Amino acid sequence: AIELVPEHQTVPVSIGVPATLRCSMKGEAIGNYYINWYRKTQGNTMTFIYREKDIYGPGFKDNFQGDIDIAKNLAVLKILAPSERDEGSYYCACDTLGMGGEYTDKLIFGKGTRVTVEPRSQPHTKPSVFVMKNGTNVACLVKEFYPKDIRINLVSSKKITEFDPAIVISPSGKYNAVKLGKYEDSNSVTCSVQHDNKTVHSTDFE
């Protein structure tokens, strides 16, 4: 009968660049229901963000701003200054307001809309490259670089296995990355990176 539907399944956003999440109700009037916003991010799961009329969770009033567009029963949540911590899924939930009986204070959810955070268009940056080990276990650590496209190589003659690398947003709003692998000659293994047509070595720092 009553149902909430997010505008988009995925909504990509850039750091520091305001973005808004919308969610429409396709059953009754948005007014006879209190709208709430929850989110799931790495680390913190299903946290409360907003509840009808200025109600914010600890630390969400500064960065987020909820509102309703009664015009077309829309529930909106504007993210003012996106950051790494804001990447995750966002859920809109509604509920009744004091019905004439033993009504249920249960919320009705909409499918989530996943937001992905990527650094904002900036000038390129040659990365730094370090490598830490632990018996056959070698990990390459690429720090501070832009753009995203990069190739990470753990120089090795005899290699056991290599795992998918991880590209992440850095505190500086850039990128960091890590690549792990298992290697026989781990003691000699080094890391070389190909980025922005350049080649950076782990040895370029020893």
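Position 1 is the first residue in the sequence shown; the rest follow in order.
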Quick check on the record: does 76-84 or 96-104 carry the larger mean Cα temperature factor?
96-104
Which is higher on mean Cα B factor in this entry, 192-200 or 5-13?
5-13
Among 129, 132, 117, 71, highest Cα B-factor in the entry goes to 71
So if I compare the CA B-factors in the entry for 158, 148, 143, 179, which one is the largest?
158
What third of the chain does residue 58 rank in for C-alpha temperature factor, lowest, middle or highest?
middle
By the recorded C-alpha temperature factor, relative to the other modelled residues in its chain, which third is residue 38 in?
lowest
So where's residue 153 on the chain's Cα temperature factor ranking, which third?
lowest
